[PDB]
Structures are given as C-alpha cells and as structure tokens.
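Chemist: sequence, then structure. It's an experimental one.
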Amino acid sequence: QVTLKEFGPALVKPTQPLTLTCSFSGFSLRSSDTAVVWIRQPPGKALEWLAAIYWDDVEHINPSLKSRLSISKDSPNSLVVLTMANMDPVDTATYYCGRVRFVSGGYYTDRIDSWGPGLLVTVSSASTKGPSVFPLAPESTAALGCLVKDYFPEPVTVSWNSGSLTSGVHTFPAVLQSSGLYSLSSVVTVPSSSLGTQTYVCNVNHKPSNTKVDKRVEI
Amino acid sequence: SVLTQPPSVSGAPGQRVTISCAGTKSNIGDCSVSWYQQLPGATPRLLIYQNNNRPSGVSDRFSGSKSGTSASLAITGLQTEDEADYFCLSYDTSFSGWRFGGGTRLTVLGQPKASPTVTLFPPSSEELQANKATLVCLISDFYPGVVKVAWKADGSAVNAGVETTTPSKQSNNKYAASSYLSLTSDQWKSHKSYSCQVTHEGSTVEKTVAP
C-alpha cells in the first residue's frame, strides 16, 4: 500500500518561484526500481511530465522547462522537492506527485503506478481573500445549504456536522465572477421531518486564507 | 505533445472502442507505452504499462496494442463507468524526454434522459445586513449535460449580475451546474419576484422566490 502527498502554496505571484515538496510512504526511494515524478495538469488540458528523480540520482527533466526546473531528494526522509522558477499565469495547474516504477534494463519501461491527490497552484497577482459563509434555507424532503461567497484562490472544501453527514450532500463546482473572485454552494437533502429535531452545520474550509467557518443553517 | 490522440471517442453500451496514440519511431516506435485513465475531476490511474500489460485490479476489458509508429487502447464491453479521460505515455529519444498524448475524452451513450431538479435559494438575512443579496440557483442530476439558464425579475428579463457555471459531470455520470444572481439588498427588495429558468431538452422548468 503506497501513498503520496503534495505540499506547496495555493497561490504564487508572477515571476516568483514555485517550490513543491512530495512526502511519500509505503516504498523507499533507495529501491533500485523506483523513482519519484512530478506531473502537472492545467485546467481542462493534457497531463505534462515535469521532472523525475531516480534511486541513483538520475534525473529526467522536461527539456522544454530545463532552465526553470530543478529537482532534489532526501531518501532517508522520503522527501522529493521540485522548484520552478519564474512562474507565469499559464503555469496555473494541478501538480501531482508519483512513484515511477521500471525494470532495470528494459529500455524506458517506466510507468507512473502511484499518484498523490494533486495540489492546485494558482499563479496570480491577485491577493488571497477568504469567503463569507451564508446559510441557505427555505413536502417530502427539504434542501438546506451554505453559500461560500467571494474567495480566492481555489480550492474550498465543505463538510456537514464535521463530516458526520455525508448522505445527500452535494457540493457544487465554484463559479468565477467578473470580480476575479470564486464562489460555490453546498446543499444537503434532508428529510422534512428532521428539520424539527436535527441541527445542521456546514463546515467551510479555505486553507489559502487559513479560513474555517462553521455555520448553523435553520429557517 | 507529438503523441496524437483523438480529442473525443464515443460508444454505445456493450460495444468495443479504440483510442489511438500516434507518434514517431523515436517515441512510440521503440519505447514502451503506458495508458492512464482519469475519471471526471479525479486522480489519474495506471491502466496499461509496457504497451500491453495490466496492473492488478485493472479490468480485463482493457488492453493495449502497439503496431508501428502508433499505439492503441481497446475497451470491450463498454460501460458508463468507463467515461473518463485517457492519456498515453512514452519516452522520446530525439526529444530526450517523456511526453503524453493530448488526451482523449470517452463518452458512453446508453444513459436514460433525466430532467433537472432545480433548487432556488433567496438571500440570507445575514447577507442582507451587509446590503448585499445573492440568489443561488442550483441545478443537478440532468442528462444530457446541456442546459440554459435565464433569470426573470417579475416580467422582464435579467442579464447583469448573472454568473452561470459550465455543466460538470457528477459521480453518477449525470451533470450539475449552478447560477448566481448578485444584487444589492435594495435591488432584491425592490422587485416583487425573481425566477430562475432552466431549459433542458426542449422543456423549460421554472423556480421562483420572493421577500
């Protein structure tokens, strides 16, 4: 069983450097058949191989980004670090961490068989803003919700009753206003009869602004 | 992205589809190809590695051949749950680096038509204290994934202050979307009633609120 986790900033100013850190578990970078790779994916476009560093310090870096990219590792601490110099808006993307496995010899038999959850990096001159959380309330069932209004940059997570309530939760993709601010909404469909007794709290997280707000949603 | 993929491939349930990956001898001709699946809004998953090999867990309905300067991923017994984006991967010696294909979106057709279940929320009182008013129109569970949203305030139409998201595939392969009408508290209090109108496959469906 193998897991990876990306660490990095949600927001980076133009021309500033991006530094990404991968922290893995369940395998060793000292293993003669493994490597760690960084993949990025811009919104609605193809996957892109950035860089990978191998057990024997072999580096496969994208030659289109060589002047901007550098990679380094720490096998005894299971850490891999990527730096990308001079960031542009165009470099706004989700960045993935992955274990490459391969056969010794074989001739480029490498494959990405494990992926981190990916980290969304936004390259903007705009400043971080936290959202304002608002309740959404009004015969069989009823729809309750929370408005997460005006935040930047992505992402935002929403749970209900600290995650004890998952059934019938639907959190919608965010809208991008002309203000350069994001907004989304999270509804939960609960039995009409339960409105009298059950108490519903949406948990709103926005790590880029270190914002975490609880909100009671009644009538 | 020298590796060429068809932008879109469609299929009816049960049939077999093919997703090609064309390149040069430098990349696909000599080196090994790997295939990657990406369910909508999810993390990529290894499907095929070394041209034709499956990892554990990966369905036997998937398979990869390589012949000449082009590679292919074949999917038999097509199911709705195969709706994803598919990327090939290979090393290129002339390029001296790894390159992906542009990717291929797979759509499966056999799904039942589903009308939108539209939900409209008024401004919260908390927001009205801030002299602001946001009308939230949430649209979900509709197939096909194409709708149109229009805002009516009383009789007249509304244009300004409307922001509508693109349709997005849910987990159940149905589609969801959202629309926001951003008003000041007094804009909201001035009219008699606001309406969100979702048009989907001919029939328009309406939801309406008021102070």
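Modeler: Noted; the coordinates are in hand. Numbering: from 1, shown residues only, chains lettered A, B, ... in the order given.
Chemist: let me see the domain layout of chain A.
Modeler: Listed by curated CATH domains, the domain ranges of chain A are A:1-125, A:126-218.
Chemist: and residue B:59, which of those is closest to it?
Modeler: The closest of the domains of chain A to residue B:59 is domain A:1-125. By C-beta to C-beta, the value is 16.2 Å. Every C-beta, even on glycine, is put in place using the N, C-alpha and C of the backbone.
Chemist: so how far is the first residue of that closest one from its last?
Modeler: Using C-alpha to C-alpha, to the nearest Å, one end of domain A:1-125 lies 40 Å from the other.
Chemist: ok so, going back, in CSV: the domains of chain A, plus distance to residue B:211 and mean neighbour count.
Modeler: Shown next, in CSV, are the domains of chain A (distance: least, C-beta to C-beta, whole Å; neighbours: other C-beta atoms under 10 Å in any protein chain shown):
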stretch, distance to residue B:211, mean neighbour count
domain A:1-125, 37, 17
domain A:126-218, 14, 17
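Chemist: could you dump the ones you listed to JSON lines with distance to chain B?
Modeler: Output for these, formatted as JSON lines (distance: least, C-beta to the nearest C-beta, whole Å):
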{"stretch": "domain A:1-125", "distance to chain B": "4"}
{"stretch": "domain A:126-218", "distance to chain B": "4"}
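Chemist: can I get those domains in TSV including distance to residue B:61?
Modeler: Compiled in TSV, these are given as follows (distance: least, C-beta to C-beta, whole Å):
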stretch	distance to residue B:61
domain A:1-125	19
domain A:126-218	30
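Chemist: compare those domains and give me the one nearest residue B:18.
Modeler: Of all the domains of chain A, it is domain A:1-125 that lies closest to residue B:18, at 19.3 Å by C-beta to C-beta.
Chemist: center of chain A, which residue is that?
Modeler: Centroid check for chain A by C-alpha atoms, centre = their mean gives residue A:119 as the closest residue, at 3.2 Å.
Chemist: who touches the closest residue in space to that residue that isn't next to it in sequence in this structure?
Modeler: In space, and not counting its chain neighbours, residue A:119 is closest to residue A:6: 3.9 Å by C-beta to C-beta, 6 or more residues apart in numbering or on different chains. By C-beta atoms under 8 Å, 6 or more residues apart in numbering or on different chains, the contact list for residue A:6 reads A:20, A:21, A:22, A:95, A:96, A:97, A:116, A:117, A:118, A:119.
Chemist: also residue A:37?
Modeler: Residue A:37 is in contact with A:49, A:50, A:51, A:52, A:97, A:98, A:99, A:100, A:112, counting by C-beta under 8 Å, 6+ apart.
Chemist: which residues does the third one contact?
Modeler: By that I understand residue A:51. Applying C-beta under 8 Å, 6+ apart to residue A:51 gives the contacts A:37, A:38, A:59, A:60, A:61, A:62, A:65, A:69, A:70, A:71, A:82.
Chemist: from what I can see the fifth one touches residue A:68, true?
Modeler: No. At 9.7 Å, residue A:61 and residue A:68 do not qualify as touching, with contact defined as C-beta atoms under 8 Å.
Chemist: longest helix anywhere in chain B?
Modeler: Secondary structure assigned by DSSP state H gives helix B:185-190 as the longest helix of chain B.
Chemist: where do the helices sit along chain B?
Modeler: Ranges of helices in chain B, per DSSP H, are B:125-128, B:185-190.
Chemist: which elements pack onto the last one?
Modeler: Identification of packing neighbours for helix B:185-190 by 3 or more C-beta pairs under 8 Å, 6 or more residues apart in numbering or on different chains; DSSP states H and E yields helix B:125-128, strand B:132-142.
Chemist: buried ones in the shortest one?
Modeler: Of the residues in helix B:125-128, those with enough neighbours to count as buried (16 or more other C-beta atoms under 10 Å in any protein chain shown) are B:127, B:128.
Chemist: that older thread, now do the contacts for the residue nearest to the centre of chain A.
Modeler: A:6, A:7, A:8, A:10, A:20, A:94, A:95.
Chemist: quick check: beta-bridge partners of it?
Modeler: Residues in a beta bridge with residue A:119, per DSSP bridges, are residue A:95.
Chemist: wait, doesn't residue A:59 sit right on residue A:52?
Modeler: Yes. Look at residue A:59 against residue A:52 with C-beta under 8 Å: they come within range, at 7.2 Å.
Chemist: list residues touching both of the two?
Modeler: Any residue near both residue A:59 and residue A:52 by C-beta under 8 Å, 6+ apart counts here, and that gives residue A:71.
Chemist: returning to what we had before: host element of the residue nearest to residue A:119?
Modeler: When elements are assigned from DSSP states H and E, residue A:6 belongs to strand A:3-7.
Chemist: that strand - which strands sit beside it in the sheet, and in what orientation?
Modeler: strand A:18-25 (antiparallel).
Chemist: figure out how far the strand it pairs with is from the centre of its chain.
Modeler: 12 Å (C-alpha atoms, centre = their mean, to the nearest Å).
Chemist: so what strands line up beside the helix or strand that it is followed by?
Modeler: Following strand A:18-25 in sequence order, the next helix or strand is strand A:34-41 (DSSP H and E). If you go by DSSP bridges, strand A:34-41 pairs up with strand A:48-54 (antiparallel), strand A:93-101 (antiparallel).
Chemist: any chance of those in CSV with distance to residue B:28 as columns?
Modeler: Shown next, in CSV, are these (distance: least, C-beta to C-beta, whole Å):
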stretch, distance to residue B:28
strand A:48-54, 15
strand A:93-101, 19
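Chemist: okay, which residue of the chain is out on the far edge from center?
Modeler: Went with chain A since none was named. Here the centre of chain A is the reference, and by C-alpha atoms, centre = their mean the most remote residue is residue A:139, at 38.5 Å.
Chemist: the chain in question should be chain B.
Modeler: Quick read of chain B (C-alpha atoms, centre = their mean): farthest out is residue B:190, 38.1 Å.
Chemist: quick one: the nearest residue to residue B:175 once chain neighbours are set aside from residue A:113, how far?
Modeler: Excluding the flanking residues, the one nearest residue B:175 by C-beta to C-beta, 6+ apart is residue B:145, at 3.2 Å. From residue B:145 over to residue A:113 the distance is 32 Å, taken as C-beta to C-beta, to the nearest Å.
Chemist: residue A:184 now?
Modeler: In this view, residue A:184 and residue A:113 are 33 Å apart by C-beta to C-beta.
Chemist: and if you look at residue B:119?
Modeler: 41 Å.
Chemist: now do residue A:55
Modeler: Going from residue A:55 to residue A:113 by C-beta to C-beta gives 15 Å.
Chemist: tell me which element residue A:127 falls in.
Modeler: For residue A:127, there is no host helix or strand (DSSP H and E).
Chemist: for the nearest residue to it once chain neighbours are set aside, what are its contacts?
Modeler: Leaving aside its sequence neighbours, residue A:127 sits nearest to residue A:152 (C-beta to C-beta, 6+ apart; 7.7 Å). Residue A:152 sits next to A:11, A:124, A:126, A:127, A:128, A:129, A:180, A:181, A:182, A:208 when contact means C-beta under 8 Å, 6+ apart.
Chemist: no further questions, thank you.
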